[PDB]
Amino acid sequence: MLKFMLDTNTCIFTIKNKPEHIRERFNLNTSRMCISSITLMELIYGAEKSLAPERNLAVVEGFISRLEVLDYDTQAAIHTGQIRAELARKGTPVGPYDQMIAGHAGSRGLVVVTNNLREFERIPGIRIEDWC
């Protein structure tokens, strides 16, 4: 069963650094990890805007072909809308992509993997693991 949604920052850091602690978690949770298509979009932008687009696209494609990319669907959208509104009212917003990811993970009952605990801590109903 899917259990974990990797935030974009974790993906970038893993791509750039291939860290041991992450590799261990990846292997422990093979087939239980996904990203949101919102993250895919950011990673494709990173690749295409870089000095080595072809090279970097292939690295990304290899990353995403080993996990699941989930569609940002109607329930993701609703739950994201609801969270945004709660955050506005409390004056502690989160960046636009991050809000979507948290809303997506929220709608699917998934744990967000992030090093940005301070930021993500404050999103209602969120479950977090830092794999660094």
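Residue indices: 1-based, along the sequence shown.
Peer 1: Of the two stretches 11 to 19 and 115 to 123, which shows the higher Cα B-factor on average in the entry?
Peer 2: The recorded data point to 115 to 123.
Peer 1: Which wins on mean Cα temperature factor, 87 to 95 or 22 to 30?
Peer 2: Result of the comparison: 87 to 95.
Peer 1: Using only the C-alpha B-factors in the record, can you name which of 51, 69, 44, 102 has the highest?
Peer 2: Largest recorded C-alpha B-factor: 51.
Peer 1: If you rank every modelled residue in this chain by C-alpha B factor, which third holds residue 2: lowest, middle or highest?
Peer 2: Ranked within chain, residue 2 CA B lands in the middle tercile.
Peer 1: Please place residue 39 in the lowest, middle or highest third of its chain according to the CA B-factor in the PDB entry.
Peer 2: It falls in the bottom third of the chain.
Peer 1: Residue 65: which third of its chain by C-alpha temperature factor?
Peer 2: Highest third.
Peer 1: Would you mind ranking residue 82 by its C-alpha B-factor against the rest of the chain and naming the third, lowest, middle or highest?
Peer 2: For residue 82, the deposited C-alpha B-factor lands in the middle third.
Peer 1: What third of the chain, by the recorded C-alpha B-factor, contains residue 74?
Peer 2: Answer is lowest: the recorded C-alpha B-factor places it there.
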